[PDB]
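Beneath this line is the structure, given in structure tokens, with notes to follow.
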Amino acid sequence: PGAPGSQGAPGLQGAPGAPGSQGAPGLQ
Amino acid sequence: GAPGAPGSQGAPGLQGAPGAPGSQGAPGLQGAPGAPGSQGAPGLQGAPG
């Protein structure tokens, strides 16, 4: 029955990141 | 978890080099002075007496 270390919650996201400065065309 | 404090966005914006220019009433070309003088009636005769 017990199994310390067996499959728990399947890995999702885990190490999410993020885009940096997406910028915007404030020019012309 | 703890993804290195998962990525945070960089800082866009600031669409201007802080020069804040702008000129007030600028100079104007000097008016070439009208040399002072005096009107008159130069003729030929001054006192024929």
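Identifiers in the structure tokens: chain A, B, ... in order shown; residue index from 1 per chain; ligand index from 1 in order shown.
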
Next item on the list: Mind checking which residues fall within 10 Å of residue A:27, counting only C-alpha atoms, ignoring those fewer than 2 positions away in the same chain, and posting them as an MDAnalysis selection string?
Entry: (chainID A and resid 24:25) or (chainID B and resid 15:16)

Next, write the just-selected residues to a file, as a PDB file, in the first residue's frame, keeping C-alpha atoms as the atom set.
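Output (selection15.pdb):
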```pdb
ATOM      1  CA  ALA A  24       6.055  48.800 -27.697  1.00  0.00           C
ATOM      2  CA  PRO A  25       6.404  50.885 -30.884  1.00  0.00           C
TER       3      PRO A  25
ATOM      4  CA  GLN B  15      10.003  56.578 -24.433  1.00  0.00           C
ATOM      5  CA  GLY B  16      12.128  59.695 -24.198  1.00  0.00           C
TER       6      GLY B  16
END
```

Hey, which bits of chain B sit within 10 Å of chain A, and for each residue what's the closest pair of atoms and how far apart in Å (one decimal), counting only C-alpha atoms, rows by chain and increasing number, as CSV?
```
residue,atom,partner,partner_atom,distance
B:1,CA,A:14,CA,5.5
B:2,CA,A:15,CA,7.3
B:3,CA,A:15,CA,4.5
B:4,CA,A:15,CA,7.9
B:5,CA,A:17,CA,8.7
B:6,CA,A:17,CA,5.0
B:7,CA,A:17,CA,4.4
B:8,CA,A:18,CA,5.7
B:9,CA,A:20,CA,4.0
B:10,CA,A:21,CA,4.3
B:11,CA,A:21,CA,5.6
B:12,CA,A:21,CA,5.1
B:13,CA,A:23,CA,7.2
B:14,CA,A:26,CA,9.5
B:15,CA,A:26,CA,6.4
B:16,CA,A:26,CA,9.3
```

If you keep C-alpha atoms, can you produce a file of those selected residues as a CSV table (one decimal), in the first residue's frame?
```csv
chain,number,residue,atom,x,y,z
B,1,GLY,CA,8.6,24.4,-6.9
B,2,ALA,CA,10.2,27.8,-6.1
B,3,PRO,CA,11.3,28.4,-9.7
B,4,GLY,CA,14.0,30.8,-8.7
B,5,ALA,CA,11.2,33.3,-8.0
B,6,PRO,CA,9.8,32.5,-11.4
B,7,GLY,CA,10.6,35.1,-14.0
B,8,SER,CA,9.4,38.7,-13.6
B,9,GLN,CA,9.1,41.1,-16.6
B,10,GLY,CA,11.7,43.6,-17.5
B,11,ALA,CA,11.0,47.4,-17.5
B,12,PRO,CA,9.8,48.8,-20.8
B,13,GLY,CA,8.7,52.3,-21.4
B,14,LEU,CA,10.3,55.7,-20.7
B,15,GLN,CA,10.0,56.6,-24.4
B,16,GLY,CA,12.1,59.7,-24.2
```
